[PDB]
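> Provided hereafter are the protein sequence and its experimental coordinates.
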Number of protein chains: 2
Amino acid sequence: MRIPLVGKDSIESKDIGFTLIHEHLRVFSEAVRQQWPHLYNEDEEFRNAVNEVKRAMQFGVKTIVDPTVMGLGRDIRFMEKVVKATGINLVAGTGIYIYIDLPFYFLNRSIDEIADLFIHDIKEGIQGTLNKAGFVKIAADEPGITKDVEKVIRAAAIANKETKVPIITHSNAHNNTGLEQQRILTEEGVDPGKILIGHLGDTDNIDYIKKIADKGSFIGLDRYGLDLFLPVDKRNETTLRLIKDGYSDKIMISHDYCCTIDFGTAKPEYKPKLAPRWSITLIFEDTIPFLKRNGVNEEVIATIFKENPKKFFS
Amino acid sequence: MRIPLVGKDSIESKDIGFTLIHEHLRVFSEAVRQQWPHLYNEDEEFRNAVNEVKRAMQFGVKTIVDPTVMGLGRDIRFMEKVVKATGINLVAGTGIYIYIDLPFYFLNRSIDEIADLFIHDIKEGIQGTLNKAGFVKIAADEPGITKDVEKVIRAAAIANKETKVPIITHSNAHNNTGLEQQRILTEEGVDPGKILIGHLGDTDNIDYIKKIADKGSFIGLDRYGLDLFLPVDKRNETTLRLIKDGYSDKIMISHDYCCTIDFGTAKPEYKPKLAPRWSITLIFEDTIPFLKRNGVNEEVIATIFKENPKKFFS
Ligand SMILES: [Co+2]
Ligand SMILES: [Co+2]
Ligand SMILES: [Fe+2]
Ligand SMILES: [Fe+2]
């Protein structure tokens, strides 16, 4: 009775256990799928998601937090099917994922109207179901904090203040967007500790990463396997350094793995080059063993994968 | 055997009869409706579309061309239901309606891949049905001809050359986007006579409008009732002037009426000042009577509403 789960009763934060804080069962462009369904194969998508989740659970993963929201093809019914097939604790969210402008629907609509949509999903349920959103997801990338991106950020603050659900962000590690997201949210009264600033693992700029952590938010070292952003070994060195410097209190680790994704970039021919080892279990195969080889004890691993997600949702 | 119709056998273009070349039974943002279905009322959308179409048919309209495509919430099954309830000849299209960037799906995808989507809808059918697209719709607006906007334009040209279907455009009457669309399309081998450059009625800049007609394309005096773009009176003066100057064989007239539309701008509160007399029959109430009482004979009216559409689809 605190964090809502897809297809299950809500749980107290103490029960979320070992968590992958940022993974995607399936990503797609809503308009493209609606207009050209011939491009997609739901049987295969389902098989891929179930296979990945099952493998994560074999390594001891108990909860997966999936920040697929509007703009990334959130489908609560698909998520339900995956839960039924696996027994995973799955946390779904609400929010809006844009880089530049909002859909035309939002022309001449207020920040409050936007926040009302998030609050609907949190208090009433997602897409006509009784599965409730447990967090709000927002984004900014290369384009920076555009007017509409800012509106969404402020709407998320409103939803958090009314419901107390935490906020997960997508940012671009190289252009200050994460720092700006944290600034706007905290200025609007969001507890910095209820924010995860995403994709900071995409850079080895430790000063930037620490600056965000020092302002009180979790830092998302959350794209392990996506070498095109930063290779696994560079990520490992950055993660280790932050741990040695005492930042385990703010570190969160994940893969941002998409079991299926429709971006032209994610075509299989590009995988060997851009993300050869990208999967939902890479951190068990490489990262965690690497950290242990370098003196990181199990208490720090537990802090990152258990205590931190617990605090985030408490 | 020439123009495909939703829910009917195809017709020869000679049988198209009195036509409204640009109207929308329903417009919505795919992503918003997918994520927040509570915002929408299907019963109300259906009743409104049926009511409008019936009233148009009472005024003698035989065929409505509906350029709702990806980005505007095209729904071929909704369209089928409206046809069943009214008996209207309805021409559905394919294409992509964007102002800035394409959906993330299109990252690292070619112009050919986009064209293939349009060719699919034209040759195979729309959204898993055998209802086929009879034209391609593209857009550009305030942001101008962005990189992605241009990709879509070039994809439409490929689709036209392969299938011979005409092209309808959305443009902004004040920033040369219409002229640019025409230029790129014609450079890529599209017959200027198979292009309708849209929303030119939004300006009283007669020289700009004529330039597009002179280069061989139909001109869309197609937003009658939308005073926020240009009041009915100013539209009528422009239309009349063009006819007197000998442009009736390039003129097409419509309302761009949306029987339902989800833009925040379309809230009923704004209707009195933004579009007080806007409907799918405004031209029968105001425009055609205005033209006829100003020296425009029955042959010219037939050219605009019967001959030009026939030629466009021939
Ligand atoms: Co992200
Ligand atoms: Co338009
Ligand atoms: Fe993600
Ligand atoms: Fe339109």
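The structure has been received and is ready for your questions. Residues are numbered from 1 along each chain as shown, chains lettered A, B, ... in the order given. Ligands and ions are numbered 1, 2, ... in the order given.
> next, count neighbours for residue A:31.
The number of residues packed near residue A:31 is 26, by other C-beta atoms under 10 Å in any protein chain shown. (C-beta placed from N, C-alpha, C; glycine too.)
> near chain B, which residues of the stretch 151-300 of chain A?
By C-beta under 8 Å from any C-beta of the partner chain, the residues of the stretch 151-300 of chain A that approach chain B are A:262, A:263, A:264, A:265, A:267, A:270.
> from these, which ones fall inside strands?
When DSSP state E is applied, these are split such that none fall in strands.
> which stretches in chain A count as helices?
A:30-35, A:42-58, A:76-86, A:111-119, A:147-163, A:177-187, A:206-214, A:232-244, A:271-274, A:282, A:288-293, A:298-302, A:308-312 (DSSP state H).
> got JSON lines for the residues of the stretch 151-300 of chain A next to chain B, with neighbour count too?
Shown next, in JSON lines, are these (neighbours: other C-beta atoms under 10 Å in any protein chain shown):
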{"residue": "A:262", "neighbour count": "25"}
{"residue": "A:263", "neighbour count": "18"}
{"residue": "A:264", "neighbour count": "15"}
{"residue": "A:265", "neighbour count": "14"}
{"residue": "A:267", "neighbour count": "13"}
{"residue": "A:270", "neighbour count": "14"}
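> closest to chain B among the residues you listed?
residue A:264 (3.5 Å; C-beta to the nearest C-beta).
> so who does that closest one touch?
B:105, B:106, B:107, B:108, B:109, B:113 (C-beta atoms under 8 Å, 6 or more residues apart in numbering or on different chains).
> from those residues, which two are the most distant?
Greatest spatial distance in the contacts of residue A:264: B:107 and B:113, 11.3 Å, computed using C-beta to C-beta.
> please name the residues that touch the nearest residue in space to residue A:70 that is not next to it in sequence.
Counting by C-beta to C-beta, 6 or more residues apart in numbering or on different chains, residue A:70 lies nearest to residue B:35, which is 4.2 Å off, once chain neighbours are set aside. When contacts are counted by C-beta under 8 Å, 6+ apart, residue B:35 touches A:30, A:69, A:70, A:74, A:117, A:127.
> what do you get for residue A:28?
Per C-beta under 8 Å, 6+ apart, neighbours of residue A:28: A:40, A:72, A:73, A:260, A:261, A:262, B:105.
> near chain A, list only the ones from the contacts of residue A:264.
Applying C-beta under 8 Å from any C-beta to the contacts of residue A:264, those adjacent to chain A are B:105, B:106, B:107, B:108, B:109, B:113.
> what about the first one, neighbour count?
What it means is residue B:105. Around residue B:105 there are 23 residues (other C-beta under 10 Å).
> and the residue lying closest to residue A:19 once chain neighbours are set aside, how far is that from residue A:220?
Nearest residue to residue A:19, sequence neighbours excluded (C-beta to C-beta, 6+ apart): residue A:309, at 3.9 Å. Separation of residue A:309 from residue A:220 (C-beta to C-beta, to the nearest Å): 12 Å.
> so for the two, which sits in the more crowded spot?
residue A:220 (29 against 26).
> the more buried one and residue A:50, how far apart?
From residue A:220 to residue A:50 the distance is 25 Å (C-beta to C-beta).
> not counting sequence-adjacent ones, nearest residue to residue A:217?
residue A:195 (4.2 Å).
> count of neighbours near that neighbour?
Neighbours of residue A:195 using other C-beta under 10 Å come to 27.
> next, the contact list for it, please.
With C-beta under 8 Å, 6+ apart, residue A:195 has these contacts: A:166, A:167, A:169, A:181, A:182, A:185, A:186, A:217, A:218.
> just the CA trace of stretch A:251-261, in PDB.
This file holds the C-alpha atoms of stretch A:251-261, laid out as PDB (Å, rounded to 0.1, in the frame of the first residue of the first chain):
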ATOM      1  CA  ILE A 251      23.900   6.600  -7.600                       C
ATOM      2  CA  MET A 252      21.300   4.600  -9.500                       C
ATOM      3  CA  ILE A 253      22.300   2.100 -12.200                       C
ATOM      4  CA  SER A 254      20.300   0.600 -15.100                       C
ATOM      5  CA  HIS A 255      20.500  -0.100 -18.900                       C
ATOM      6  CA  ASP A 256      17.700   1.800 -20.400                       C
ATOM      7  CA  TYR A 257      17.200  -1.400 -22.300                       C
ATOM      8  CA  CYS A 258      14.400  -1.600 -24.900                       C
ATOM      9  CA  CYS A 259      13.200  -5.100 -25.300                       C
ATOM     10  CA  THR A 260      11.800  -3.900 -28.600                       C
ATOM     11  CA  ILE A 261      12.200  -0.400 -30.000                       C
END
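> rewinding a little: residue B:252: which of the helices of chain A is closest?
The nearest among the helices of chain A, by C-beta to C-beta, is helix A:30-35 at 25.5 Å.
> so how far is the closest one off the chain centroid?
23 Å (C-alpha atoms, centre = their mean, to the nearest Å).
> and what of stretch A:139-155?
From the chain centre to the centre of stretch A:139-155 is a distance of 17 Å (C-alpha atoms, centre = their mean).
> before we move on, back to that, pull out the buried members of the contacts of residue A:264.
B:105, B:106, B:109 (16 or more other C-beta atoms under 10 Å in any protein chain shown).
> out of those, which sit inside strands?
Short answer: those have none in strands (DSSP E).
> turn those into TSV, including distance to residue B:228.
Output for the buried ones among the contacts of residue A:264, formatted as TSV (distance: C-beta to C-beta, whole Å):
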residue	distance to residue B:228
B:105	32
B:106	31
B:109	36
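> with adjacent residues omitted, what lies nearest to the residue of chain A most remote from its centre?
Ranked by distance from the centre of chain A (C-alpha atoms, centre = their mean), the top residue is residue A:108, with 29.2 Å. Take residue A:108 and drop its neighbours on the chain: the residue closest to it by C-beta to C-beta, 6+ apart is residue B:264, 3.6 Å away.
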